[PDB]
Structures are given as C-alpha cells and as structure tokens.
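Listed next as structure tokens: two forms of one protein chain, kept apart as structure 1 and structure 2.
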Structure 1
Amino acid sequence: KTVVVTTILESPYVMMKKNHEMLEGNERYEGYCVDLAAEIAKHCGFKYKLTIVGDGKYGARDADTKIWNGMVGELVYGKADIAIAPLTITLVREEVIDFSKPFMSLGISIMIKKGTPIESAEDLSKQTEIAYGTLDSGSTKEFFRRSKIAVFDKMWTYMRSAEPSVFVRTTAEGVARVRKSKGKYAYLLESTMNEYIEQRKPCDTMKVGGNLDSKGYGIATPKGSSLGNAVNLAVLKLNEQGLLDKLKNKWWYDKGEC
C-alpha cells in the first residue's frame, strides 16, 4: 500500500541531510524532489517511501541485453511504483513507462570553466583543443547518438571515439572534470542543472549559448499503473498554483552562493 518512490541523488533535487544518520526514512533527505514528492503524495492521497535508485542511473536500454537500467528499469521490472526525479521525457522511455505532463522545462546546454573560448555547440564542433562529453546512460547521450543535425552529428562522431573517454558516470563527475580541466573540457548537461551549478561556489563555471533542444522532466509510473491519472492531474494543479516555481526559487536562487 505504501508507494515505493525511486529517485536519484542529484543536487538540488535529492540530497542527504547533514544529520541523516540520526534520522529515519524519508526524513533523511531534502531537496526539490523531496518537497515535490511530499506534495504529490498529499494530493493523490498515498503514503510513500523514498528510495535511491540502486545503480545510480537515470535509465537506458542496453543495446545487447535489451535490459533497462536506472530508474526506468526499476519501474519496468516492478522494483518501484513511481519515479519522482529530474527524469527526462523521451520517446524510447514513454514507450515502456508513463510520464505525467512536465513539471520542469529544460534543454541540453554547454557548461564551461569561466574563460573558456567557447560560445556555442558549433564552436565545440569546429575545434579539437577543448574536449567535451556527456553523462553515460542518459537522454543527452541518446540525443547525440541519434541526431541528424550536421553540428550535432559531428560532435557525436568525435565524442564516441575520443580517448580517453569523454563520458562520465554521474553529473557530479562531469562538473568536477570541467572545474579541474583548466578550460580543456566542456560538459554537455541539461540547462537547469547548468544554471544551478553556476550559482554554487567556487562560482567558476557558466552556461554558454542557447539550449540545443527543448523538453521536460516528468513523473514516471509503470505502464498502466493506477497512480498515473491522479499524479498527472496533481502536477498540473501544482504547476498552476505556482508550487513548482516556488520550489525552483527555493532550491536554486534563495540558496545561491554566487
């Protein structure tokens, strides 16, 4: 009866409270999605338990085994009843799970160490001195892997064959790589995350250029789940009442340090 929620440890969506070792259950975490989960549950009328995705991934289907990993996998195989996280709504994913209307709009963007001579994706594609990559098992990698657009296809051709690997296991790893690369590495990640990091110490990174695409994050449930309808309506209601905008301001700027 208690709804198992799968989510991912990604700041500021879900983070461990400093004194979590002395706290229990859902009280161990804080963040945008923790606040959202509480609201969704209250509006749909269900008790829930937050769980961090086992493999720490968002979700991709293995080309060879055809098995889904990440949060998507936990829903597909019945390990979780719902996913409340910054999970990108994509075709390949909507084919196996359901998504509520988006609770946040975003797009792929470029993150650079301040001072880096890069202003756009075209710039990256036309040079070689500055390496660039994306998250592994994510929607961004898939975006480049399938793009028919000249600039993006060129970028994918480079990234897929670059050595050492330009891909990272977690968003945090990508951000750290940018910060330690002395301007020789640019990271491709979603806009709102890029924006968030730009407001965090050491305030040494920034978003450059416009977004490469437009899409959104949605609350996911297993195909045919009975929670689907109510969750979707809850998201729409919460968006219209301004809760989502308040939560972004709370976790992004109200706590900004730059």
Structure 2
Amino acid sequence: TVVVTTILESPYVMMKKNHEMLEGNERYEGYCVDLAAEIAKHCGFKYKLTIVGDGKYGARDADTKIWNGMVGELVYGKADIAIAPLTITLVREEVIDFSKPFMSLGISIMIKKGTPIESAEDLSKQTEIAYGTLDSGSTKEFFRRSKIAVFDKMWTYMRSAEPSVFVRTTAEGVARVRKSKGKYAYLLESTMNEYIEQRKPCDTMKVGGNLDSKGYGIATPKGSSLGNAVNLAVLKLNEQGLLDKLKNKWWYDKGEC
C-alpha cells in the first residue's frame, strides 16, 4: 500500500461535509483526490491518503538544513508519493523527483472588483493603490531578484512601502484586498487567484497576464520505482484531456459566481 502525503488546500484536498460519517480515503474530496485515483489506477497500486504532519509544503531550514512539510516526509522516508499543488523548484528537485507538471501557473494580480488596474505595469506607474505579496517565498523572491524594469520598480516600492504591504498567509492577502476598498492589490499564484474569483462574495478579480511561469508536479523520493510510471500517467492524463476536465470541474463547475 502506497502512502500518499497531501495537504488540506481547497479545492485540491478538502474534508467532505459528512466526513465524520466516513473513513479512510473517502473522507476527502477535491482535485488532488480525483488525481490520486487516476494516478493509482494507471500505475496499478493501492494507496492511503494522509495529511502531511506539519501542514507545510516543503522548505529547508537555513540553520539545521532539515526539510519540513511534504518534501520532508518524502526525503526522510515517511511517505511514498506526494500529490498536491507542489511547485517544481530547483532546490526541491535537488532532493526529490518531480513528474512533468500536471498544472501550469504563474504569478498574477488579484484586485477587488472595480479597481482601475489591468496589469503589473499599471501598478508600477501609480501610487494610491498599494500592492504586496507573502512576506517570504517564490513570489517575493521573484521581484527581489528581477532585472526587468517594471518588476524592479515594483520591488523598490514594495520593499519600503508603509504600512507594510506584505502578508503572512493567503487568507491574509485576500482579506486585505476585500477590506481595502480597492486600495490594495495582492500578488499571488494564478491558480489560487482563479479559485477565489469563483467563490462568494465574488468581489475579487484576476487581471493581466501572468508575470512568470511554473507548474505543479507529483513528487516521489529520489530513485523511487514509482517515478517513471507516475510521469507517464501525468502525460497520458493530459493527452486524454482529463487534467483540463478536472480543473474545469473544481474551479468552474463548482464555482459560486
């Protein structure tokens, strides 16, 4: 039985409303729960879904050099595979193996409906509408290291804006956009932006094209015997149109706006 590690993040993995009457894998539902079933079917294995112990995705402590979250569970042998919205990054690819991406994404802009902003360039040219990102992570790092004029201008602003424009969590960034009467725009992953856009109170909107490109991949321990099969399954699913179908179902078919 393959131990799958995942994380509670809507609409990827959520508790069914009646989860208390259920048990095992049936307690969960969502995009990744559906994806796990597909992968298992094509790779030919039985599995058990478990929620990552520390509820984190995967980062290496600069001091101890220890990995936490799902990457950690894979690295230290606590799980056999990770199916969740885990970004494929150089540092993680150095310690675990990733499948080809099952979803493509990029940094995007979230605004409260009605805000007169249509792109990052628009944000960089004005001042009365503040904007920020998570206080740590790839999105913040993207701006900090950019050599592109527009993003350099945005980073210069964000790094010294007052009050601070950074937030610690997604919920924090979304709430700020929603209570700032259009005076705050949040920079986040397009997938989350797109999801929130389809959820009540339906007062946010994703604008402009993505600022960068990346994707989520299924992860397995280095030199795992599941790596090859899982990679082929992800390609087969995309070719069959199933990845797009799954995305449309959990983002739009179940939308509230």
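Just so we're on the same page, rigid core means the largest C-alpha set that superposes within 1.5 Å between forms. Along the sequence of structure 1, residues get numbers from 1 upward.
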Give the option from 89, 130, 96, 104 whose C-alpha shifts by 2 Å or more between the two structures; the alignment is on the rigid core.
130
Given a core-based superposition, decide whether the C-alpha of residue 179 shifts by 2 Å or more between the two structures.
yes
Any CA movement of 2 Å or more for residue 216 between the two structures, core superposed?
no
Would residue 189 count as moving between the two structures, using a Cα shift of 2 angstroms or more after superposing the core as the test?
yes
If you line up the core, how far does the Cα of residue 203 move between the two structures, in Å?
1.2
Please give the CA displacement of residue 169 between the two structures, in Å, after core superposition.
6.1
Rigid core superposed, residue 230 Cα shift between the two structures in Å?
0.2
